[PDB]
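Data block below; observations after.
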Amino acid sequence: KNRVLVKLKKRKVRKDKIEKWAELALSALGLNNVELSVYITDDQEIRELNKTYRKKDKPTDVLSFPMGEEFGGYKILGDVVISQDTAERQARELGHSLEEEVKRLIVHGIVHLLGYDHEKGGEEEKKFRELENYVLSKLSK
């Protein structure tokens, strides 16, 4: 169906669970024949990424990097990179499990990868959140 490539530098959450959430999200989104990479790393690595790609010298929870190259119908969507370190702190602050936070961050990252951004606010945030909520509902059910 889709090719989900999961790479873990940090390993508190099972690889197969991350793979399954990602596959279920892609399926809820109706996508077929695409490639998605998910990387679970630490605060130091995500910080270098944030600095290099967003000019923000600090750690964060998730970053998404679009690629987009196509090979006869197969399309590479790109990468979602999540910091376990930050995810753990947020999970602590929000009162839920690390798994729940990682799952939510995967969905958040995928929606960004499809070209929605909530930071604008207004209509875009509206559409971003409706899509994210829909996907989450599909992973709950």
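Here Swiss-Prot sets the residue numbers for chain A, with the shown residues being 8-148 in order.
Structure method, as recorded: X-ray crystallography, 1.9 Å.
The backbone N, Cα and C atoms fix where each Cβ goes, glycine too.
Feature annotation from Swiss-Prot assigns Zn(2+) binding site to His115, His119, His125; the stated evidence is sequence analysis.
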Neighbours of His115, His119, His125 excl. site residues, C-beta within 8 Å of centre, Zn(2+):
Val69, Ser71, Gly116, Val118, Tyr123, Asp124, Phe135, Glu139
Number of other Cβ atoms within 10 Å of the Cβ of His119 (Zn(2+) binding site) across all protein chains:
21
Around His115 (Zn(2+) binding site), how many other CB atoms lie within 10 A of its CB?
20
Tell me, how many other CB atoms lie within 10 A of the CB of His125 (Zn(2+) binding site), whichever protein chain they belong to?
16
